[PDB]
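Enquirer: sequence unavailable; structure follows:
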Ligand SMILES: NCC1CCN(CC(=O)Nc2cccc3c2C(=O)c2c-3n[nH]c2C2CCCCC2)CC1
(Lines give C-alpha, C1' and ligand atoms only; values in the text may rest on other atoms or scores of the structure.)
Protein backbone atom coordinates (compact mmCIF):
# COMPACT_ATOMS: atom_id res chain seq x y z
CA UNK A 1 0.00 0.00 0.00
CA UNK A 2 0.88 3.68 -0.41
CA UNK A 3 0.66 3.94 3.37
CA UNK A 4 3.24 1.27 4.21
CA UNK A 5 6.97 1.29 3.58
CA UNK A 6 8.78 -2.03 3.75
CA UNK A 7 11.73 -2.23 6.13
CA UNK A 8 12.91 -5.77 5.39
CA UNK A 9 11.82 -9.23 4.32
CA UNK A 10 10.93 -11.11 7.49
CA UNK A 11 10.74 -14.31 5.46
CA UNK A 12 8.66 -16.47 3.09
CA UNK A 13 5.47 -18.16 4.23
CA UNK A 14 3.26 -20.54 2.28
CA UNK A 15 0.51 -17.99 1.59
CA UNK A 16 3.04 -15.45 0.25
CA UNK A 17 5.94 -13.29 1.46
CA UNK A 18 6.10 -11.51 4.83
CA UNK A 19 7.76 -8.10 5.32
CA UNK A 20 8.48 -5.96 8.37
CA UNK A 21 7.01 -2.60 7.44
CA UNK A 22 6.24 0.79 8.97
CA UNK A 23 2.81 2.35 8.58
CA UNK A 24 3.58 5.84 7.19
CA UNK A 25 0.36 6.98 8.89
CA UNK A 26 0.32 5.61 12.45
CA UNK A 27 4.11 5.27 12.43
CA UNK A 28 3.67 1.72 13.70
CA UNK A 29 5.79 -1.26 12.68
CA UNK A 30 3.81 -4.28 11.55
CA UNK A 31 4.23 -7.61 9.79
CA UNK A 32 3.03 -7.25 6.19
CA UNK A 33 1.94 -10.40 4.37
CA UNK A 34 1.47 -10.13 0.60
CA UNK A 35 -0.57 -12.97 -0.89
CA UNK A 36 -9.17 -11.47 -9.28
CA UNK A 37 -9.16 -12.58 -5.64
CA UNK A 38 -11.81 -15.21 -4.70
CA UNK A 39 -14.79 -13.57 -2.96
CA UNK A 40 -15.60 -16.63 -0.86
CA UNK A 41 -12.09 -16.26 0.53
CA UNK A 42 -12.52 -12.52 1.16
CA UNK A 43 -15.44 -13.19 3.50
CA UNK A 44 -13.33 -15.91 5.16
CA UNK A 45 -10.36 -13.69 5.98
CA UNK A 46 -12.74 -10.91 6.96
CA UNK A 47 -13.74 -13.40 9.66
CA UNK A 48 -10.17 -13.63 10.98
CA UNK A 49 -9.99 -9.97 11.94
CA UNK A 50 -12.92 -10.95 14.16
CA UNK A 51 -11.54 -13.79 16.28
CA UNK A 52 -9.11 -12.05 18.58
CA UNK A 53 -7.28 -13.76 21.44
CA UNK A 54 -4.30 -12.88 23.69
CA UNK A 55 -2.51 -15.86 22.13
CA UNK A 56 -3.31 -15.21 18.46
CA UNK A 57 -1.20 -12.76 16.42
CA UNK A 58 -3.55 -9.87 15.76
CA UNK A 59 -4.62 -9.22 12.19
CA UNK A 60 -4.70 -5.43 12.22
CA UNK A 61 -5.97 -4.91 8.68
CA UNK A 62 -6.81 -6.62 5.41
CA UNK A 63 -6.03 -4.63 2.26
CA UNK A 64 -7.53 -5.85 -1.02
CA UNK A 65 -6.40 -3.70 -3.94
CA UNK A 66 -5.61 -4.42 -7.60
CA UNK A 67 -6.43 -8.12 -7.18
CA UNK A 68 -3.63 -8.14 -4.58
CA UNK A 69 -4.18 -9.25 -0.98
CA UNK A 70 -2.18 -7.66 1.85
CA UNK A 71 -2.68 -8.84 5.43
CA UNK A 72 -1.34 -6.53 8.11
CA UNK A 73 -0.47 -8.32 11.35
CA UNK A 74 0.97 -7.08 14.62
CA UNK A 75 4.76 -7.41 14.79
CA UNK A 76 6.38 -9.70 17.41
CA UNK A 77 10.15 -9.71 17.95
CA UNK A 78 11.01 -13.40 17.71
CA UNK A 79 9.69 -16.82 16.78
CA UNK A 80 10.00 -19.97 18.88
CA UNK A 81 12.40 -21.65 16.46
CA UNK A 82 14.95 -18.86 16.98
CA UNK A 83 14.47 -18.79 20.74
CA UNK A 84 14.96 -22.58 20.87
CA UNK A 85 18.14 -22.44 18.75
CA UNK A 86 19.45 -19.70 21.07
CA UNK A 87 18.63 -21.93 24.05
CA UNK A 88 20.20 -25.09 22.61
CA UNK A 89 23.07 -24.85 25.12
CA UNK A 90 20.97 -25.22 28.28
CA UNK A 91 17.44 -25.55 26.93
CA UNK A 92 14.39 -23.44 27.70
CA UNK A 93 13.59 -23.53 31.44
CA UNK A 94 10.73 -25.92 32.30
CA UNK A 95 8.59 -23.14 33.86
CA UNK A 96 8.79 -21.21 30.61
CA UNK A 97 8.14 -24.36 28.54
CA UNK A 98 5.09 -25.05 30.72
CA UNK A 99 3.96 -21.42 30.33
CA UNK A 100 4.26 -21.40 26.56
CA UNK A 101 2.42 -24.75 26.30
CA UNK A 102 -0.40 -23.47 28.50
CA UNK A 103 -0.80 -20.24 26.48
CA UNK A 104 -0.79 -22.13 23.18
CA UNK A 105 -3.41 -24.54 24.53
CA UNK A 106 -5.51 -21.48 25.47
CA UNK A 107 -5.26 -20.02 21.99
CA UNK A 108 -6.05 -23.40 20.48
CA UNK A 109 -9.00 -23.98 22.82
CA UNK A 110 -10.37 -20.60 21.63
CA UNK A 111 -9.72 -21.39 17.96
CA UNK A 112 -11.29 -24.82 18.10
CA UNK A 113 -14.34 -23.52 19.99
CA UNK A 114 -15.03 -21.44 16.89
CA UNK A 115 -14.40 -24.41 14.58
CA UNK A 116 -11.14 -22.91 13.31
CA UNK A 117 -7.99 -24.98 13.11
CA UNK A 118 -4.41 -23.94 12.42
CA UNK A 119 -3.41 -27.03 10.41
CA UNK A 120 0.29 -26.14 10.24
CA UNK A 121 1.61 -25.47 13.75
CA UNK A 122 5.37 -25.32 14.10
CA UNK A 123 8.20 -23.46 15.86
CA UNK A 124 8.53 -21.02 12.94
CA UNK A 125 4.96 -19.75 13.25
CA UNK A 126 4.92 -19.46 17.03
CA UNK A 127 5.69 -15.84 17.97
CA UNK A 128 6.96 -14.52 21.30
CA UNK A 129 7.56 -11.15 22.95
CA UNK A 130 9.68 -9.83 25.81
CA UNK A 131 6.63 -9.92 28.09
CA UNK A 132 6.53 -13.70 28.24
CA UNK A 133 3.70 -14.25 25.79
CA UNK A 134 3.52 -16.62 22.82
CA UNK A 135 1.04 -16.42 19.95
CA UNK A 136 -0.27 -18.55 17.09
CA UNK A 137 0.45 -17.16 13.63
CA UNK A 138 0.22 -18.04 9.95
CA UNK A 139 -3.00 -20.04 10.15
CA UNK A 140 -3.83 -22.56 7.43
CA UNK A 141 10.53 -27.12 1.31
CA UNK A 142 7.70 -27.29 3.88
CA UNK A 143 8.38 -29.27 7.04
CA UNK A 144 6.36 -32.41 7.76
CA UNK A 145 7.82 -32.85 11.26
CA UNK A 146 4.65 -31.70 13.04
CA UNK A 147 2.13 -33.29 10.72
CA UNK A 148 -0.50 -35.49 12.39
CA UNK A 149 -0.74 -39.17 11.26
CA UNK A 150 -4.32 -38.97 9.96
CA UNK A 151 -3.15 -36.22 7.59
CA UNK A 152 -0.22 -38.31 6.39
CA UNK A 153 -2.62 -41.22 5.86
CA UNK A 154 -4.94 -39.24 3.56
CA UNK A 155 -7.87 -38.29 5.85
CA UNK A 156 -9.42 -35.33 4.03
CA UNK A 157 -11.81 -34.30 6.79
CA UNK A 158 -9.44 -34.15 9.74
CA UNK A 159 -10.28 -32.45 13.04
CA UNK A 160 -8.91 -29.95 15.53
CA UNK A 161 -7.00 -32.92 16.96
CA UNK A 162 -4.33 -32.33 14.31
CA UNK A 163 -3.30 -29.12 16.10
CA UNK A 164 -2.95 -30.99 19.39
CA UNK A 165 -0.60 -33.47 17.73
CA UNK A 166 1.57 -30.69 16.25
CA UNK A 167 1.72 -28.91 19.62
CA UNK A 168 2.63 -32.24 21.25
CA UNK A 169 5.58 -32.52 18.86
CA UNK A 170 6.64 -28.97 19.62
CA UNK A 171 6.31 -29.60 23.38
CA UNK A 172 8.63 -32.63 23.20
CA UNK A 173 11.13 -30.67 21.07
CA UNK A 174 11.31 -27.83 23.61
CA UNK A 175 12.12 -30.37 26.31
CA UNK A 176 14.70 -32.59 24.57
CA UNK A 177 16.20 -29.96 22.26
CA UNK A 178 15.73 -32.29 19.33
CA UNK A 179 12.90 -32.72 16.81
CA UNK A 180 10.70 -35.67 17.76
CA UNK A 181 9.84 -36.89 14.24
CA UNK A 182 12.24 -35.21 11.76
CA UNK A 183 11.01 -36.90 8.57
CA UNK A 184 12.13 -35.65 5.16
CA UNK A 185 9.32 -37.25 3.11
CA UNK A 186 5.72 -38.18 3.92
CA UNK A 187 6.60 -41.87 4.12
CA UNK A 188 9.81 -41.18 6.07
CA UNK A 189 7.76 -38.95 8.39
CA UNK A 190 5.15 -41.65 8.80
CA UNK A 191 7.73 -44.38 9.52
CA UNK A 192 9.59 -42.22 12.06
CA UNK A 193 6.29 -41.89 13.92
CA UNK A 194 5.67 -45.65 13.52
CA UNK A 195 9.15 -46.54 14.79
CA UNK A 196 8.60 -44.46 17.96
CA UNK A 197 4.91 -44.87 18.86
CA UNK A 198 4.59 -48.25 17.16
CA UNK A 199 2.74 -49.05 13.93
CA UNK A 200 -0.95 -48.26 14.53
CA UNK A 201 -3.46 -51.08 14.12
CA UNK A 202 -7.21 -51.48 14.57
CA UNK A 203 -6.67 -52.00 18.33
CA UNK A 204 -5.16 -48.61 19.20
CA UNK A 205 -6.72 -46.85 16.22
CA UNK A 206 -10.01 -48.31 15.00
CA UNK A 207 -10.56 -47.51 11.34
CA UNK A 208 -6.87 -46.85 10.66
CA UNK A 209 -6.57 -49.74 8.17
CA UNK A 210 -9.35 -48.14 6.11
CA UNK A 211 -7.46 -44.85 5.70
CA UNK A 212 -6.80 -43.67 2.10
CA UNK A 213 -3.01 -44.06 2.18
CA UNK A 214 -2.86 -46.96 4.63
CA UNK A 215 -0.89 -49.94 3.29
CA UNK A 216 -1.53 -53.43 4.71
CA UNK A 217 2.16 -53.87 3.95
CA UNK A 218 3.42 -51.23 6.41
CA UNK A 219 6.13 -52.66 8.69
CA UNK A 220 4.97 -53.56 12.20
CA UNK A 221 7.14 -51.76 14.77
CA UNK A 222 6.69 -52.09 18.52
CA UNK A 223 5.91 -49.05 20.68
CA UNK A 224 9.02 -47.62 22.36
CA UNK A 225 9.26 -46.72 26.03
CA UNK A 226 8.06 -43.15 26.58
CA UNK A 227 10.61 -42.54 29.33
CA UNK A 228 13.28 -43.14 26.67
CA UNK A 229 11.57 -40.81 24.25
CA UNK A 230 11.16 -37.66 26.31
CA UNK A 231 13.62 -37.50 29.20
CA UNK A 232 13.86 -35.75 31.61
CA UNK A 233 10.23 -34.71 31.33
CA UNK A 234 8.46 -35.59 34.60
CA UNK A 235 5.63 -38.11 34.75
CA UNK A 236 2.94 -35.40 34.53
CA UNK A 237 4.57 -33.96 31.43
CA UNK A 238 5.02 -37.35 29.78
CA UNK A 239 1.48 -38.31 30.73
CA UNK A 240 0.17 -35.16 29.06
CA UNK A 241 2.38 -35.63 26.04
CA UNK A 242 1.28 -39.23 25.45
CA UNK A 243 -2.33 -38.00 25.48
CA UNK A 244 -1.52 -35.35 22.88
CA UNK A 245 0.19 -37.94 20.69
CA UNK A 246 -2.59 -40.55 20.66
CA UNK A 247 -2.98 -42.10 17.22
CA UNK A 248 -6.79 -42.12 17.35
CA UNK A 249 -7.88 -38.49 16.69
CA UNK A 250 -10.95 -39.12 18.84
CA UNK A 251 -8.89 -40.34 21.79
CA UNK A 252 -6.35 -37.51 21.49
CA UNK A 253 -6.81 -34.98 24.30
CA UNK A 254 -8.61 -31.70 23.52
CA UNK A 255 -7.00 -28.32 24.15
CA UNK A 256 -9.63 -27.52 26.79
CA UNK A 257 -9.11 -30.84 28.55
CA UNK A 258 -5.32 -30.46 28.40
CA UNK A 259 -5.50 -27.17 30.32
CA UNK A 260 -6.89 -29.10 33.32
CA UNK A 261 -4.06 -31.63 33.29
CA UNK A 262 -2.03 -31.97 36.55
CA UNK A 263 1.08 -30.84 34.64
CA UNK A 264 -0.25 -27.28 34.82
CA UNK A 265 -0.87 -27.50 38.55
CA UNK A 266 2.07 -25.19 39.20
CA UNK A 267 2.01 -23.17 35.99
CA UNK A 268 3.44 -19.64 36.10
CA UNK A 269 4.34 -16.95 33.55
CA UNK A 270 8.15 -16.63 33.53
CA UNK A 271 9.71 -13.82 31.49
CA UNK A 272 11.96 -14.96 28.60
CA UNK A 273 15.51 -13.67 28.28
CA UNK A 274 15.87 -12.94 24.62
CA UNK A 275 18.30 -11.14 22.33
CA UNK A 276 16.70 -8.98 19.60
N1 LIG B 1 9.85 -16.98 11.28
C2 LIG B 1 9.49 -16.44 9.95
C3 LIG B 1 9.07 -17.53 8.96
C4 LIG B 1 7.82 -18.26 9.49
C5 LIG B 1 6.56 -17.40 9.48
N6 LIG B 1 6.34 -16.80 8.15
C7 LIG B 1 4.98 -16.68 7.59
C8 LIG B 1 4.07 -15.80 8.42
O9 LIG B 1 2.85 -15.82 8.29
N10 LIG B 1 4.63 -14.95 9.29
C11 LIG B 1 3.99 -13.98 10.10
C12 LIG B 1 2.53 -13.75 10.17
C13 LIG B 1 2.01 -12.75 11.12
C14 LIG B 1 2.94 -11.98 11.96
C15 LIG B 1 4.38 -12.21 11.87
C16 LIG B 1 4.92 -13.21 10.94
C17 LIG B 1 6.36 -13.32 11.10
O18 LIG B 1 7.12 -14.04 10.45
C19 LIG B 1 6.70 -12.40 12.16
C20 LIG B 1 5.52 -11.71 12.61
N21 LIG B 1 5.80 -10.82 13.67
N22 LIG B 1 7.30 -10.99 13.86
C23 LIG B 1 7.82 -11.94 12.96
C24 LIG B 1 9.29 -12.33 12.88
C25 LIG B 1 10.27 -11.45 13.65
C26 LIG B 1 11.73 -11.78 13.36
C27 LIG B 1 12.01 -13.26 13.58
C28 LIG B 1 11.08 -14.14 12.73
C29 LIG B 1 9.61 -13.82 13.02
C30 LIG B 1 7.49 -16.07 7.58
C31 LIG B 1 8.75 -16.93 7.59
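Expert: Structure received. Numbering: from 1, shown residues only.
Enquirer: okay, domains of this protein per the record?
Expert: Split into domains by curated CATH domains, the chain comes to 1-77, 78-274.
Enquirer: who in the stretch 101-250 of the chain is up against the ligand?
Expert: The stretch 101-250 of the chain comes close to the ligand at residues 124, 125, 127, 137, 138, as judged by Cβ under 6 Å from any ligand atom. All C-beta atoms are positioned from the backbone trio N, CA, C, and that covers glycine.
Enquirer: doesn't the first one fall inside a helix?
Expert: It stands for residue 124. Yes: residue state for residue 124 (DSSP: H, G, I helix; E, B strand; the rest coil) corresponds to a helix.
Enquirer: quick one: residues contacting it.
Expert: Applying Cβ atoms under 8 Å, 6 or more residues apart in numbering to residue 124 gives the contacts 79, 80, 81, 138, 143.
Enquirer: for the fourth one, give me its contacts.
Expert: By Cβ under 8 Å, 6+ apart, residue 138 lies in contact with 13, 14, 15, 120, 124, 125.
Enquirer: at 7 Å instead, please
Expert: By Cβ atoms under 7 Å, 6 or more residues apart in numbering, the contact list for residue 138 reads 13, 125.
Enquirer: phi, psi for the closest residue to the ligand within the stretch 101-250 of the chain please.
Expert: In the stretch 101-250 of the chain, the residue that lies nearest the ligand is residue 138 (3.2 Å; Cβ to the nearest ligand atom). Residue 138 has phi and psi values of phi 60, psi 50 when expressed as degrees, to the nearest 10.
Enquirer: with residue 68 instead?
Expert: Torsion angles, degrees, to the nearest 10, at residue 68: phi -100, psi 150.
Enquirer: same question for residue 18.
Expert: Dihedral angles for residue 18 - degrees, to the nearest 10 - are phi -120, psi 130.
Enquirer: burial of it, as a residue count?
Expert: For residue 18, the count of nearby residues is 19 (other Cβ atoms under 10 Å).
Enquirer: name the nearest residue to it, ignoring sequence neighbours.
Expert: residue 10 (4.5 Å; Cβ to Cβ, 6 or more residues apart in numbering).
Enquirer: which ones are touching the one you found?
Expert: Going by Cβ under 7 Å, 6+ apart, residue 10 touches 18, 19, 20, 31.
Enquirer: element containing residue 100?
Expert: With secondary structure defined by DSSP states H and E, residue 100 is part of helix 94-113.
Enquirer: who touches that helix?
Expert: 53, 55-56, 117-118, 132-136, 160, 163, 167, 171, 174-175, 255-256, 258-259, 263-264, 267-270, 272.
Enquirer: stretch 244-261 too?
Expert: 102, 105-106, 108-109, 112, 149-150, 158-159, 161, 164-165, 167-168, 171, 197, 200, 204-206, 208, 240, 243.
Enquirer: among the residues you listed, which ones are buried?
Expert: 102, 105-106, 108-109, 112, 149-150, 158-159, 161, 164-165, 167-168, 171, 197, 200, 205, 208, 240, 243 (16 or more other Cβ atoms under 10 Å).
Enquirer: in the stretch 151-276 of the chain, which residue sits closest to the ligand?
Expert: residue 276 (8.4 Å).
Enquirer: spit out the contact partners of that residue.
Expert: 77, 78.
Enquirer: and the residue lying closest to residue 219 once chain neighbours are set aside, how many neighbours?
Expert: Distances taken as Cβ to Cβ, 6+ apart place residue 199 nearest to residue 219, at 6.5 Å, with adjacent residues excluded. Look at residue 199: counted by other Cβ under 10 Å, it has 19 neighbours.
Enquirer: hang on, residue 199 packs against residue 224?
Expert: No: at 11.7 Å, residue 199 does not count as touching residue 224 under the criterion of Cβ atoms under 7 Å.
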